[PDB]
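This document starts with one chain, in the form deposited in one PDB entry, laid out as structure tokens.
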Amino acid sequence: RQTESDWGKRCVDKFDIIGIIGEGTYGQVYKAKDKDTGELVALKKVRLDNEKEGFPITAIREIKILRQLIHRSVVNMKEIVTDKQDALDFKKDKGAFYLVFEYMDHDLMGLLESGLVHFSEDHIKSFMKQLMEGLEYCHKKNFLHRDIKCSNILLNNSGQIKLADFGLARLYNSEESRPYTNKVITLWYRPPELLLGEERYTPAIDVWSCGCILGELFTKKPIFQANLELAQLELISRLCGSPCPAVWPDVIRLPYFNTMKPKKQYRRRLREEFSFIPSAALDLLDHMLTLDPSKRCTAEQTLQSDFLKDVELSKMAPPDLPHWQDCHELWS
């Protein structure tokens, strides 16, 4: 309580800004080094200059949700710092605030998009177990991370995996329904229900996105790639089966079910098209990429799966990085 409990009284002067590393949920993310400790941190900028609502409500949510969550697979917010503040001129102070996070060595988007890294089955277990343990933590606290993408899954060279950007996340209440946005996940990773317009959605939205990633780690290519919502629905239908009342009773209640239809009522070919995936994982993929959210597995059910049930966090396994092949593609 003496120190490290007083937030927002420190200046960004204590951090030297190395540069900018990527684009996040509502602002760009930067990298810095603390002058005192030397630690590498990650910063997101919150600007108060628009006085329409003063402090961003979206930022306020990212601060409320994240400070409640403590887990080894959930990125820690270290502190909140401010710009040089004028003394006795607090009325004129136009200074903005910065959110300080821990810095992780790599990001799953960069590693895969380049193609340098290779994931073994055991590596994929170390990845999926850790991801879902965090997601279960957040889902148990009844929060919904609505932007699961490869840019928000960060890994250290140890093999520890952590989830990151909670600015698009909101609280979930089963009893009380508040309408949320029908477009909330990256199209390549979007749950089918949100494509069909479900404004009040389940935490199963996150389980779908991580299921798409589970395949992507085995295929080395995202499973569903399309530029338009209808085209993605078609691609999902070809693999997971077309949305139908038999597989999804309440598909009829969703707004766009009659409006948005696949070309044909395709049958599910998921197991056939993923025949190369190990049996233990394939069953997980089948349950995770289930059309009806009421039948899509929970995060806990993934952790009590043949693929992940017996995984040991002791054997954390870092993804494999090439060595002299980086300099030269082997001539032999």
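Numbering starts at 1 and runs along the sequence shown. Just so we're on the same page, rigid core means the largest C-alpha set that superposes within 1.5 Å between forms.
The form deposited in another entry is left out here; the points below concern that form.
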Practice task
State yes or no: after fitting on the rigid core, is the Cα displacement of residue 278 between this form and the one not shown at least 2 Å?
Solution key: no
Problem - Threshold 2 Å Cα movement between this form and the one not shown for residue 50, core superposed - result: yes
Exercise for the section: Compare the position of the CA of residue 28 between this form and the one not shown after a rigid core fit and state whether the shift reaches 2 Å. Expected result: yes
Completion exercise
Checking the C-alpha spacing of residue 290 and residue 25, a student should find that in that other deposited form it changes by 3 angstroms or more, with the atoms farther
